[PDB]
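S.K.: Once you've had a glance at the structure underneath, I'll fire off some questions.
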Amino acid sequence: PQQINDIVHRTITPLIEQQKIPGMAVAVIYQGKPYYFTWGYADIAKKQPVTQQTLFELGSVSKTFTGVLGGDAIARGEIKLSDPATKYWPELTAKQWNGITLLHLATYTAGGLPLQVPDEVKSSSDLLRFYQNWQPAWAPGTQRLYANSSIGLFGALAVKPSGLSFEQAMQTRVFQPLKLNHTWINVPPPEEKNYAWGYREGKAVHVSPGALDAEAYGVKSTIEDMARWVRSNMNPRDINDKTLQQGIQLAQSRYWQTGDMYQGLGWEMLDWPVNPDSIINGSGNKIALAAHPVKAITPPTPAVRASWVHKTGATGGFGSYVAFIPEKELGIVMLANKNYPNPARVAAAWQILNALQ
């Protein structure tokens with residue numbers, strides 16, 4: 001339908017020009033079906049254009065994969081969200097960890113875990129020392145403070161019963177069943193040809209290694225795989241793998257309320273129809289990174305199909321966004337090789353999906 005083409009070109013074209021994005025890929029999901037768009041260059045210098053094969057850094061959109069992998073392990077009976085973090089990390093003996101559960105880690109409510117794992121942390125002993133000496137600001141379950149060190153630790157612990165590394169657990173239990181065949185945490189040598197460069201202040205960059213990077217911001221993927229990721233999270237019931245179907249549903253359950261937003265595992269949700277000012281303003285880092293009081297939802301609300309489900313992600317050189325509405329079979333993936341302001345991403349997505357409603 002040419003309607004989709006129209007609304008996308010009228011929305012994304014000025015976005016690209018205004019934000020000076022070198023390359024971009026967009027998928028709209030309309031009635032379940034993907035429609036693809038690509039602009040500009042994956043590699044400016046070599047004049048390599050963006051394609052449907054082009055790999056982008058997803059940044060914190062990675063956390064949605066981490067949430068779903070966590071859900072899958074719950075469904076496997078390997079972990080429970082109410083389990084204490086120390087149950088999977090006996091060497092973590094510090095006083096302050098007593099009441100902190102997996103749920104808290106996964107939902108940024110452990111009590112003030114920092115945004116980033118410190119650059120100094122470069123070994124297993126370094127990472128233990130980091131968490132051993134960490135001193136919470138608040139009691140568990142009182143404040144949401146968005147943080148890589150929180151959901152990152154959730155991911156590393158959640159796979160401990162499987163006996164597999166986070167990376168292999170993720171590939172074998174999530175990517176592979178969903179045929180995300182060009183989705184990587186570590187881009188192998190034959191695929192690096194497809195790996196876009198990111199651009200920051202004019203320079204070409206790739207995300208640097210860091211502790212817990214795989215769990216928090218380390219996934220790379222194509223627009224096609226990302227379209228498949230969205231369709232899967234929109235309709236888990238059409239997936240063969242039953243623990244994965246169940247994990248997908250657990251990640252969209254509502255564990256907390258703050259303002260108009262509900263916290264899932266990785267995913268964040270709002271009731272649909274949604275107030276556009278709310279998600280646009282909410283996505284800006286002055287709000288998104290701020291500490292906010294939370295309201296426990298007990299029992300956690302089963303995945304609500306009348307939802308706006310969504311996640312932003314950034315690295316130094318990349319900016320990504322994913323949003324969908326299960327009840328409407330409507331969704332969008334935006335991948336760009338420049339990190340541009342979150343509210344601009346959400347405004348563009350809103351205007352596209354609102355026109356298609």
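Naming scheme: A, B, ... for chains in displayed order of the structure tokens; residues 1 onward per chain; ligands 1 onward as shown.
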Using DSSP on the backbone coordinates, identify all residues within segment 46-148 of chain A classified as helix (DSSP H, G or I); present the result as a PyMOL selection string.
M.R.: chain A and resi 59-76+85-87+95-97+102-106+124-132+148
S.K.: How would the residues just picked look written out with N, CA and C atoms as a compact mmCIF listing (two decimals), in the first residue's frame?
M.R.:
```
# COMPACT_ATOMS: atom_id res chain seq x y z
N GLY A 59 22.55 -1.12 20.89
CA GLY A 59 22.68 -0.47 22.19
C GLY A 59 21.69 -1.08 23.17
N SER A 60 21.02 -0.25 23.98
CA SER A 60 20.13 -0.77 25.03
C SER A 60 18.86 -1.48 24.53
N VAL A 61 18.59 -1.45 23.23
CA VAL A 61 17.53 -2.30 22.72
C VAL A 61 17.94 -3.77 23.03
N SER A 62 19.24 -4.01 23.21
CA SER A 62 19.75 -5.31 23.68
C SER A 62 19.04 -5.81 24.93
N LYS A 63 18.63 -4.88 25.79
CA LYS A 63 17.97 -5.27 27.05
C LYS A 63 16.66 -6.04 26.86
N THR A 64 15.98 -5.85 25.73
CA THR A 64 14.74 -6.58 25.47
C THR A 64 15.03 -8.06 25.23
N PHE A 65 16.16 -8.34 24.58
CA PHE A 65 16.62 -9.72 24.38
C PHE A 65 16.98 -10.33 25.73
N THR A 66 17.68 -9.54 26.55
CA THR A 66 18.01 -9.96 27.91
C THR A 66 16.75 -10.26 28.75
N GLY A 67 15.72 -9.41 28.64
CA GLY A 67 14.47 -9.65 29.36
C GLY A 67 13.78 -10.94 28.95
N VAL A 68 13.73 -11.17 27.64
CA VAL A 68 13.06 -12.34 27.09
C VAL A 68 13.84 -13.63 27.42
N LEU A 69 15.16 -13.56 27.37
CA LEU A 69 16.00 -14.69 27.79
C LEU A 69 15.77 -15.00 29.26
N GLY A 70 15.62 -13.95 30.06
CA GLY A 70 15.30 -14.10 31.47
C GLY A 70 13.94 -14.77 31.65
N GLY A 71 12.96 -14.33 30.86
CA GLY A 71 11.63 -14.90 30.92
C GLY A 71 11.62 -16.37 30.55
N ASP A 72 12.38 -16.69 29.51
CA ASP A 72 12.53 -18.06 29.04
C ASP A 72 13.10 -18.98 30.13
N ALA A 73 14.05 -18.47 30.90
CA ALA A 73 14.62 -19.25 32.00
C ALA A 73 13.62 -19.43 33.14
N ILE A 74 12.76 -18.44 33.37
CA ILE A 74 11.70 -18.57 34.37
C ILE A 74 10.74 -19.66 33.95
N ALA A 75 10.37 -19.62 32.68
CA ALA A 75 9.47 -20.60 32.09
C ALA A 75 10.08 -21.99 32.09
N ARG A 76 11.41 -22.06 32.00
CA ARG A 76 12.11 -23.35 32.07
C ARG A 76 12.12 -23.89 33.50
N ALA A 85 19.39 -12.46 44.55
CA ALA A 85 20.56 -12.40 43.67
C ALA A 85 21.70 -13.30 44.16
N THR A 86 21.92 -13.31 45.48
CA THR A 86 22.97 -14.12 46.10
C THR A 86 22.79 -15.63 45.95
N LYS A 87 21.58 -16.08 45.61
CA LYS A 87 21.34 -17.49 45.36
C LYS A 87 22.12 -17.98 44.14
N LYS A 95 26.51 -7.54 53.27
CA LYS A 95 25.33 -7.07 54.01
C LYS A 95 24.15 -6.56 53.14
N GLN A 96 24.43 -5.60 52.27
CA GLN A 96 23.39 -4.83 51.59
C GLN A 96 22.58 -5.65 50.58
N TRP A 97 23.07 -6.83 50.22
CA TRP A 97 22.41 -7.61 49.18
C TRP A 97 21.24 -8.45 49.67
N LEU A 102 16.18 -11.09 41.98
CA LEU A 102 16.35 -11.02 40.53
C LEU A 102 15.40 -9.99 39.91
N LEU A 103 14.16 -9.94 40.41
CA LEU A 103 13.19 -8.99 39.88
C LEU A 103 13.71 -7.56 39.98
N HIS A 104 14.30 -7.22 41.13
CA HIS A 104 14.82 -5.89 41.34
C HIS A 104 15.90 -5.55 40.32
N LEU A 105 16.83 -6.49 40.13
CA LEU A 105 17.92 -6.30 39.17
C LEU A 105 17.40 -6.04 37.77
N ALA A 106 16.42 -6.84 37.38
CA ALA A 106 15.84 -6.81 36.05
C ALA A 106 15.06 -5.52 35.79
N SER A 124 36.70 -10.76 36.53
CA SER A 124 35.68 -11.38 37.38
C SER A 124 35.81 -10.91 38.82
N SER A 125 37.04 -10.84 39.31
CA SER A 125 37.31 -10.35 40.65
C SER A 125 37.00 -8.86 40.75
N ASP A 126 37.32 -8.10 39.71
CA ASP A 126 36.94 -6.69 39.63
C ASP A 126 35.43 -6.52 39.77
N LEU A 127 34.67 -7.36 39.07
CA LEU A 127 33.22 -7.24 39.07
C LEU A 127 32.63 -7.59 40.43
N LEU A 128 33.21 -8.58 41.11
CA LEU A 128 32.72 -8.93 42.44
C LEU A 128 33.00 -7.77 43.39
N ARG A 129 34.22 -7.23 43.33
CA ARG A 129 34.61 -6.12 44.19
C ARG A 129 33.69 -4.91 43.97
N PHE A 130 33.30 -4.68 42.72
CA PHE A 130 32.35 -3.61 42.39
C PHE A 130 31.03 -3.77 43.14
N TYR A 131 30.42 -4.94 43.04
CA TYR A 131 29.13 -5.18 43.67
C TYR A 131 29.23 -5.38 45.17
N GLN A 132 30.36 -5.93 45.62
CA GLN A 132 30.58 -6.12 47.05
C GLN A 132 30.62 -4.78 47.78
N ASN A 148 22.63 0.08 33.48
CA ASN A 148 23.23 -1.12 32.89
C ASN A 148 23.75 -2.10 33.91
```
S.K.: Distance table requested - segment 84-200 of chain A against segment 308-328 of chain A, cut-off 6 Å, only C-alpha atoms: one row per qualifying residue with the closest atom pair and its distance in Å to one decimal, ordered by chain and rising residue number, as a tab-separated table.
M.R.:
```
residue	atom	partner	partner_atom	distance
A:198	CA	A:317	CA	3.9
A:199	CA	A:317	CA	4.6
A:200	CA	A:317	CA	5.2
```
S.K.: For residue 265 of chain A, which residue among A:109, A:11, A:285, A:54 is the nearest when counting only C-alpha atoms?
M.R.: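 Closest residue, counting only C-alpha atoms: A:109.
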S.K.: Which is closer to residue 241 of chain A than all the others in A:46, A:122, A:179, A:345, using only C-alpha atoms?
M.R.: A:179
S.K.: Give the answer as one residue: which of A:156, A:121, A:139, A:306 has the shortest atom-to-atom distance to residue 273 of chain A, using only C-alpha atoms?
M.R.: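 Once distances to residue 273 of chain A are computed over only C-alpha atoms, the minimum belongs to A:306.
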S.K.: Taking the DSSP secondary structure from the backbone, can you list the residues of segment 61-282 of chain A that are strand (DSSP E or B), as a PyMOL selection string?
M.R.: chain A and resi 84+101+143-144+184+195+198-200+203-205+220-221+254-258+261-263+268-271
S.K.: Got time to write the residues from that selection, N, CA and C atoms, as a PDB file, in the first residue's frame?
M.R.:
```pdb
ATOM      1  N   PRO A  84      16.625 -14.542  45.490  1.00  0.00           N
ATOM      2  CA  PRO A  84      17.650 -13.564  45.859  1.00  0.00           C
ATOM      3  C   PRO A  84      18.834 -13.624  44.903  1.00  0.00           C
ATOM      4  N   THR A 101      16.271  -9.055  45.065  1.00  0.00           N
ATOM      5  CA  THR A 101      15.919 -10.195  44.214  1.00  0.00           C
ATOM      6  C   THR A 101      16.292 -10.007  42.744  1.00  0.00           C
ATOM      7  N   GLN A 143      12.628   2.831  44.350  1.00  0.00           N
ATOM      8  CA  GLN A 143      12.950   3.762  43.264  1.00  0.00           C
ATOM      9  C   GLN A 143      13.441   3.012  42.029  1.00  0.00           C
ATOM     10  N   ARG A 144      12.930   3.399  40.867  1.00  0.00           N
ATOM     11  CA  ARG A 144      13.479   2.943  39.590  1.00  0.00           C
ATOM     12  C   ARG A 144      14.601   3.867  39.104  1.00  0.00           C
ATOM     13  N   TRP A 184      23.937 -10.898  16.204  1.00  0.00           N
ATOM     14  CA  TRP A 184      25.171 -11.282  16.897  1.00  0.00           C
ATOM     15  C   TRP A 184      25.435 -10.459  18.145  1.00  0.00           C
ATOM     16  N   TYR A 195      28.960  -4.923   8.730  1.00  0.00           N
ATOM     17  CA  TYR A 195      28.864  -4.209   9.996  1.00  0.00           C
ATOM     18  C   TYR A 195      29.103  -2.713   9.758  1.00  0.00           C
ATOM     19  N   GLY A 198      29.587   3.377  12.999  1.00  0.00           N
ATOM     20  CA  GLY A 198      28.825   4.431  13.639  1.00  0.00           C
ATOM     21  C   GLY A 198      29.580   5.743  13.539  1.00  0.00           C
ATOM     22  N   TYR A 199      28.865   6.862  13.618  1.00  0.00           N
ATOM     23  CA  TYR A 199      29.510   8.163  13.473  1.00  0.00           C
ATOM     24  C   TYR A 199      29.230   9.084  14.640  1.00  0.00           C
ATOM     25  N   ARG A 200      30.317   9.596  15.196  1.00  0.00           N
ATOM     26  CA  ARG A 200      30.281  10.452  16.365  1.00  0.00           C
ATOM     27  C   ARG A 200      31.229  11.630  16.150  1.00  0.00           C
ATOM     28  N   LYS A 203      33.669  11.206  13.415  1.00  0.00           N
ATOM     29  CA  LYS A 203      34.573  10.058  13.383  1.00  0.00           C
ATOM     30  C   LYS A 203      33.811   8.736  13.325  1.00  0.00           C
ATOM     31  N   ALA A 204      34.368   7.756  12.617  1.00  0.00           N
ATOM     32  CA  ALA A 204      33.759   6.424  12.541  1.00  0.00           C
ATOM     33  C   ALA A 204      34.105   5.578  13.776  1.00  0.00           C
ATOM     34  N   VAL A 205      33.083   5.059  14.457  1.00  0.00           N
ATOM     35  CA  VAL A 205      33.298   4.358  15.718  1.00  0.00           C
ATOM     36  C   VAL A 205      32.481   3.059  15.848  1.00  0.00           C
ATOM     37  N   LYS A 220      24.146  -6.797  17.947  1.00  0.00           N
ATOM     38  CA  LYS A 220      24.152  -6.196  16.615  1.00  0.00           C
ATOM     39  C   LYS A 220      23.153  -6.932  15.719  1.00  0.00           C
ATOM     40  N   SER A 221      22.404  -6.222  14.880  1.00  0.00           N
ATOM     41  CA  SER A 221      21.428  -6.940  14.086  1.00  0.00           C
ATOM     42  C   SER A 221      21.051  -6.164  12.826  1.00  0.00           C
ATOM     43  N   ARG A 254       3.540  -6.615  33.538  1.00  0.00           N
ATOM     44  CA  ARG A 254       3.754  -5.327  34.175  1.00  0.00           C
ATOM     45  C   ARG A 254       4.077  -5.527  35.646  1.00  0.00           C
ATOM     46  N   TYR A 255       5.326  -5.252  36.010  1.00  0.00           N
ATOM     47  CA  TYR A 255       5.794  -5.490  37.362  1.00  0.00           C
ATOM     48  C   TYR A 255       5.722  -4.211  38.185  1.00  0.00           C
ATOM     49  N   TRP A 256       5.864  -3.075  37.510  1.00  0.00           N
ATOM     50  CA  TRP A 256       5.880  -1.791  38.199  1.00  0.00           C
ATOM     51  C   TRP A 256       5.139  -0.744  37.409  1.00  0.00           C
ATOM     52  N   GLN A 257       4.619   0.238  38.131  1.00  0.00           N
ATOM     53  CA  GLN A 257       4.044   1.423  37.537  1.00  0.00           C
ATOM     54  C   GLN A 257       4.798   2.660  38.028  1.00  0.00           C
ATOM     55  N   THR A 258       5.184   3.533  37.103  1.00  0.00           N
ATOM     56  CA  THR A 258       5.606   4.887  37.462  1.00  0.00           C
ATOM     57  C   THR A 258       4.999   5.843  36.481  1.00  0.00           C
ATOM     58  N   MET A 261       3.776   4.805  32.883  1.00  0.00           N
ATOM     59  CA  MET A 261       4.618   3.767  32.299  1.00  0.00           C
ATOM     60  C   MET A 261       4.631   2.521  33.163  1.00  0.00           C
ATOM     61  N   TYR A 262       4.683   1.368  32.499  1.00  0.00           N
ATOM     62  CA  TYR A 262       4.804   0.077  33.167  1.00  0.00           C
ATOM     63  C   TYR A 262       6.134  -0.569  32.808  1.00  0.00           C
ATOM     64  N   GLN A 263       6.828  -1.093  33.809  1.00  0.00           N
ATOM     65  CA  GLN A 263       8.114  -1.734  33.571  1.00  0.00           C
ATOM     66  C   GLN A 263       7.959  -3.249  33.398  1.00  0.00           C
ATOM     67  N   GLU A 268       9.444  -1.742  27.981  1.00  0.00           N
ATOM     68  CA  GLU A 268       8.635  -0.793  28.750  1.00  0.00           C
ATOM     69  C   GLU A 268       7.285  -0.629  28.049  1.00  0.00           C
ATOM     70  N   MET A 269       6.210  -0.496  28.825  1.00  0.00           N
ATOM     71  CA  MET A 269       4.876  -0.447  28.242  1.00  0.00           C
ATOM     72  C   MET A 269       4.029   0.718  28.736  1.00  0.00           C
ATOM     73  N   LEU A 270       3.160   1.197  27.853  1.00  0.00           N
ATOM     74  CA  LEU A 270       2.103   2.135  28.231  1.00  0.00           C
ATOM     75  C   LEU A 270       0.762   1.647  27.685  1.00  0.00           C
ATOM     76  N   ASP A 271      -0.334   1.986  28.356  1.00  0.00           N
ATOM     77  CA  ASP A 271      -1.649   1.652  27.808  1.00  0.00           C
ATOM     78  C   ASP A 271      -1.828   2.281  26.420  1.00  0.00           C
TER      79      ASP A 271
END
```
S.K.: Within 10 Å of residue 137 of chain A, counting only C-alpha atoms, which residues qualify if same-chain residues fewer than 6 places away don't, as number ranges by chain?
M.R.: A: 110-113, 143
S.K.: For residue 355 of chain A, work out the shell of residues within 12 Å, counting only C-alpha atoms and skipping chain neighbours fewer than 4 positions away, then give it as a PDB file with C-alpha atoms, in the first residue's frame.
M.R.:
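Written out: result11.pdb:
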```pdb
ATOM      1  CA  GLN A   3      -0.056   4.938   2.183  1.00  0.00           C
ATOM      2  CA  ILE A   4       2.788   3.438   4.199  1.00  0.00           C
ATOM      3  CA  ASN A   5       5.359   4.733   1.707  1.00  0.00           C
ATOM      4  CA  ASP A   6       3.909   8.213   1.954  1.00  0.00           C
ATOM      5  CA  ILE A   7       3.778   8.553   5.730  1.00  0.00           C
ATOM      6  CA  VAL A   8       7.289   7.068   6.106  1.00  0.00           C
ATOM      7  CA  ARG A  10       7.216  12.392   4.892  1.00  0.00           C
ATOM      8  CA  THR A  11       8.326  11.580   8.456  1.00  0.00           C
ATOM      9  CA  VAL A  28       7.097  -0.787   9.532  1.00  0.00           C
ATOM     10  CA  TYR A  30       1.480  -3.312   9.160  1.00  0.00           C
ATOM     11  CA  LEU A 330       1.370  -2.421  14.266  1.00  0.00           C
ATOM     12  CA  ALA A 348       8.804  10.117  14.244  1.00  0.00           C
ATOM     13  CA  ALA A 349       7.608   6.638  15.244  1.00  0.00           C
ATOM     14  CA  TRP A 350       4.392   8.056  16.747  1.00  0.00           C
ATOM     15  CA  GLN A 351       3.472  10.109  13.668  1.00  0.00           C
TER      16      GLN A 351
END
```
S.K.: Give me the residues within 8 Å of residue 196 of chain A as an MDAnalysis selection string, counting only C-alpha atoms and dropping any in the same chain fewer than 6 places off.
M.R.: chainID A and resid 42:43 50 54:56 337
S.K.: What is the atom CA of residue 250 of chain A-atom CA of residue 336 of chain A distance in Å, reported with one decimal?
M.R.: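 Taking atom CA of residue 250 of chain A and atom CA of residue 336 of chain A, their separation equals 28.8 Å.
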S.K.: Measuring atom to atom with only C-alpha atoms, identify which of A:304, A:214, A:15, A:145 is nearest to residue 343 of chain A.
M.R.: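 Once distances to residue 343 of chain A are computed over only C-alpha atoms, the minimum belongs to A:15.
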S.K.: One number please: atom CA of residue 13 of chain A to atom CA of residue 201 of chain A, in Å, one decimal.
M.R.: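 Interatomic distance here is 21.2 Å.
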